[PDB]
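> sequence unknown, structure follows:
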């Protein structure tokens with residue numbers, strides 16, 4: 001949508017987990033968060049915008065007094081964060097005595113401000129039960145920013161104190177943890193209450209049908225606002241990540257074209273979902289876009305059909321997608337290729353405007369805004385000759401900037417949060433001339449080289465693999481892992497490229513698993529030319545509903561033997577399951593590398 005804080009706040013946190021210091025992600029991360037979340041101090045309209053925008057997509061109503069109240073309440077954090085931020089800044093470069101060193105008192109206030117303002121926020125809802133559920137999902141995005149700030153000072157407090165044990169001393173680690181757990185589970189819960197609200201509310205405009213586009217919009221906006229932020233919360237666990245962490249978000253989000261002027265909005269919800277989005281898969285990179293045009297030469301040509309060319313991370317085989325659309329046999333192929341480190345971060349599309357009639361509303365022209373890392377490259381893809389008579393529609397797709405601006409909408413080659421990853425299409429030629437498209441977008445924090453760093457913990461999602469056994473499958477993530485997970489049944493291999501240095505590590509796994517102590521799954525890791533690790537996994541949850549696994553359901557296990565990689569060494573990570581307990585489900589989330597030698 002139109003609101004860059006979502007993508008910027010998320011961008012700062014990813015960048016923030018880069019190191020590990022006595023002032024944590026506060027002194028610096030705050031230098032960005034405060035200005036982004038409070039541009040007009042304690043009298044901003046950030047929360048209103050967040051709430052109004054959410055309410056504009058769900059299109060349900062409540063007295064605006066609830067919105068301004070929420071905005072009035074969360075705008076208190078400004079002063080409580082500003083003072084804390086100063087004493088901290090006042091604690092570093094400024095002398096290091098013991099008075100301005102008494103930051104421990106300031107931390108106490110920020111922790112007190114958040115124990116009260118968040119429950120206040122949630123409990124200041126309309127009387128009516130369900131009307132209260134709607135108010136809280138409508139405030140969820142603001143809730144998130146609050147909880148994150150909260151988690152940041154606690155993560156900082158923990159670091160701050162552990163630093164003072166070297167050459168009231170409160171211990172916030174048990175609390176930091178519970179906060180990571182509660183906030184995660186609440187956001188996800190609330191996020192689904194909204195998803196279920198939409199999927200449950202007939203749309204008068206659609207004559208009663210559930211509105212899929214509304215469902216999809218809410219998902220795209222909330223993923224970039226809440227889920228993306230919630231997926232990084234585990235990094236705040238100073239226990240788990242002592243020296244810093246490099247993580248990424250692998251989930252896809254979609255923007256759609258021709259929804260309103262096409263009939264498909266009257267079909268079943270799940271039907272549209274099935275044909276407009278992609279089933280859980282291993283992360284893919286877009287090699288090229290292939291659109292067929294009509295053989296004609298006369299004006300008003302358009303793209304008849306299309307297909308995508310893509311590949312798994314570090315895989316030298318380029319897979320091809322289905323040919324969406326109505327591919328004639330005498331049409332011309334207009335292709336747009338893409339090399340490694342060359343992405344589409346913004347595009348312009350010109351499609352035919354059927355005027356709500358059973359007439360073609362296809363894409364006839366596209367302007368891609370590509371990035372190669374050093375400059376902006378504009379490429380074009382046109383059906384026949386740009387010449388167009390019929391009325392046309394002009395739409396822009398892509399996501400907001402990833403960093404605070406500096407030097408057609410927002411993204412630049414050196415400042416973009418998402419890259420194009422796929423283009424699906426729903427069309428039944430045998431009956432209609434209309435076609436609805438969706439543009440898939442993945443987070444630009446994902447690495448094409450699966451690099452393993454040496455100066456901090458590297459987090460490599462299991463879906464960044466390029467080989468998946470037949471017994472295994474990729475299942476939908478629960479909502480807080482930042483993406484999907486692998487249902488490890490047999491084997492799967494992820495390929496990594498080491499940094500230009502030498503290092504020893506311990507590879508650690510973040511997984512989920514039911515089963516019992518007598519039916520533990522066993523995992524063997526074969527790193528050709530390097531090591532042979534193996535270990536038994538423990539039960540972590542019970543039941544078979546993996547879709548709604550809780551935060552506590554995922555745990556961490558580490559292999560005993562260590563590995564050493566040479567500079568720029570290409571690594572093969574072959575995972576095998578040898579146990580017989582076929583009924584013991586194991587969900588692989590993240591593969592972690594812990595540097596041993598500083």
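Received, thanks. Numbers count the residues shown, from 1 in each chain.
> only C-alpha atoms for contact and neighbour calcs from this point on.
Will do.
> check contacts around residue 5.
36-37 (Cα atoms under 8 Å, 6 or more residues apart in numbering).
> That should have said residue 176, apologies.
Counting by Cα under 8 Å, 6+ apart, residue 176 touches 151, 154-155, 236-237.
> next one: residue 349
Residues counted as contacts of residue 349 (Cα under 8 Å, 6+ apart) are 363-367, 393-396.
> about what we covered before: sort out for me which of the contacts of residue 176 are in helices.
Mapping those onto helices (DSSP state H) picks out 151, 154-155.
> out of these, which one sits closest to residue 18?
Checking the ones in helices among the contacts of residue 176 against residue 18 by Cα to Cα gives residue 155 as the nearest, at 13.8 Å.
> before we move on, back to that, neighbour count and distance to residue 587 added to the contacts of residue 176, as a markdown table?
Below are the contacts of residue 176 laid out as a markdown table (neighbours: other Cα atoms under 10 Å; distance: Cα to Cα, whole Å):
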| residue | neighbour count | distance to residue 587 |
| --- | --- | --- |
| 151 | 24 | 27 |
| 154 | 28 | 30 |
| 155 | 27 | 28 |
| 236 | 28 | 22 |
| 237 | 19 | 21 |
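> so where do the strands sit in the stretch 101-250 of the chain?
245-246 (DSSP state E, counting those that start in this stretch).
> Buried residues of the helix or strand containing residue 70, list them for me.
Using DSSP states H and E, residue 70 sits in helix 64-74. Within helix 64-74, the residues scored as buried using 16 or more other Cα atoms under 10 Å are 66-67, 69-74.
> just the residues you listed now: which is nearest residue 245?
The nearest member of the buried residues of helix 64-74 to residue 245, counting by Cα to Cα, is residue 74 at 29.1 Å.
> thought the closest one was touching residue 47?
Yes. Look at residue 74 against residue 47 with Cα atoms under 8 Å: they come within range, at 7.5 Å.
> any common contacting residues for these two?
By Cα under 8 Å, 6+ apart, residue 74 and residue 47 have these common neighbours: residue 142.
> from what I can see residue 365 touches residue 350, true?
Yes. Assessed by Cα under 8 Å, residue 365 is found in contact with residue 350 at 5.1 Å.
> Compare neighbour counts for these two and give me the winner.
Per other Cα atoms under 10 Å, whichever of residue 365 and residue 350 has more neighbours is residue 365, with 23 against 20.
> How about the contacts made by that one?
Listed by Cα under 8 Å, 6+ apart, the contact partners of residue 365 are 302, 349-351, 380-383, 386.
> Which of those residues sits closest to residue 503?
Proximity of the contacts of residue 365 to residue 503 (Cα to Cα) peaks at residue 380, which lies at 44.6 Å.
> surely the closest one meets residue 364?
No. Residue 380 lies out of contact with residue 364 (Cα under 8 Å); the separation is 11.1 Å.
> More neighbours: those two, which one.
residue 364 (25 against 14).
> Quick check: phi and psi at the closest residue to the more buried one other than its chain neighbours.
Among residues not flanking residue 364 along the chain, residue 302 sits closest, at 3.9 Å (Cα to Cα, 6 or more residues apart in numbering). With angles defined as degrees, to the nearest 10, residue 302 sits at phi -150, psi 170.
> wouldn't residue 302 be in contact with residue 293 here?
Yes. Proximity of residue 302 to residue 293 meets the contact threshold set by Cα under 8 Å, at 5.8 Å.
> where do the contact lists of these two overlap?
383-384.
> and residue 103, how many residues sit next to it?
Around residue 103 there are 19 other residues, counting by other Cα under 10 Å.
> correction: residue 374
The number of residues packed near residue 374 is 8, by other Cα under 10 Å.
> quick one, what contacts it?
Per Cα under 8 Å, 6+ apart, neighbours of residue 374: 413-414.
> next one: residue 250
Residue 250 makes contacts with 283, 442-443, 446, 461, 463, 482-484, as judged by Cα under 8 Å, 6+ apart.
> Mind picking the one among those residues that's closest to residue 133?
Proximity of the contacts of residue 250 to residue 133 (Cα to Cα) peaks at residue 482, which lies at 24.2 Å.
> and the closest one, what helix or strand is that in?
Under the criterion DSSP H and E, no helix or strand holds residue 482.
> okay, now it: neighbour count?
By other Cα under 10 Å, 24 other residues sit near residue 482.
> any idea how far it lies from residue 476?
Computed as Cα to Cα, to the nearest Å, the residue 482 to residue 476 distance reads 10 Å.
> Tell me the one among the buried residues of helix 64-74 nearest to residue 277.
Once Cα to Cα is applied, the member of the buried residues of helix 64-74 that ends up nearest residue 277 is residue 67, at 33.0 Å.
> my guess is that closest one meets residue 50, correct?
No. Look at residue 67 against residue 50 with Cα under 8 Å: they stay out of range, at 9.7 Å.
> tell me the contacts of residue 468?
Applying Cα under 8 Å, 6+ apart, the residues contacting residue 468 are 491-493.
> Kindly reformat the residues you listed as JSON lines and extend each row with distance to residue 251 and neighbour count.
JSON lines is the format used below for those (distance: Cα to Cα, whole Å; neighbours: other Cα atoms under 10 Å):
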{"residue": "491", "distance to residue 251": "22", "neighbour count": "20"}
{"residue": "492", "distance to residue 251": "19", "neighbour count": "24"}
{"residue": "493", "distance to residue 251": "19", "neighbour count": "21"}
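> In strands, which of those residues fall?
491-493 (DSSP state E).
> Break the protein into its domains for me.
Under the assignment curated CATH domains, the domains of the chain span 1-239, 240-250+446-598, 251-445.
> and the end-to-end length of the first one?
Using Cα to Cα, the end-to-end distance of domain 1-239 comes to 36 Å.
> and if you look at the second one?
The separation between the terminal residues of domain 240-250+446-598, taken as Cα to Cα, is 17 Å.
> Likewise for stretch 484-497?
Distance across stretch 484-497, first residue to last, is 22 Å (Cα to Cα).
> what about it, distance to the chain center?
Centroid displacement of stretch 484-497 relative to its chain, using Cα atoms, centre = their mean, to the nearest Å, is 19 Å.
> Tell me where the stretch 101-250 of the chain has helices.
For the stretch 101-250 of the chain, applying DSSP state H, counting those that start in this stretch gives helices covering 103-123, 129-137, 140-164, 173-198, 212-222, 228-230.
> Please identify the deepest-packed of these.
helix 228-230 (a mean of 27; mean count of other Cα atoms under 10 Å).
> Which elements pack onto that helix?
Under the contact criterion of 3 or more Cα pairs under 8 Å, 6 or more residues apart in numbering; DSSP states H and E, helix 228-230 touches helix 5-16, helix 140-164, helix 173-198.
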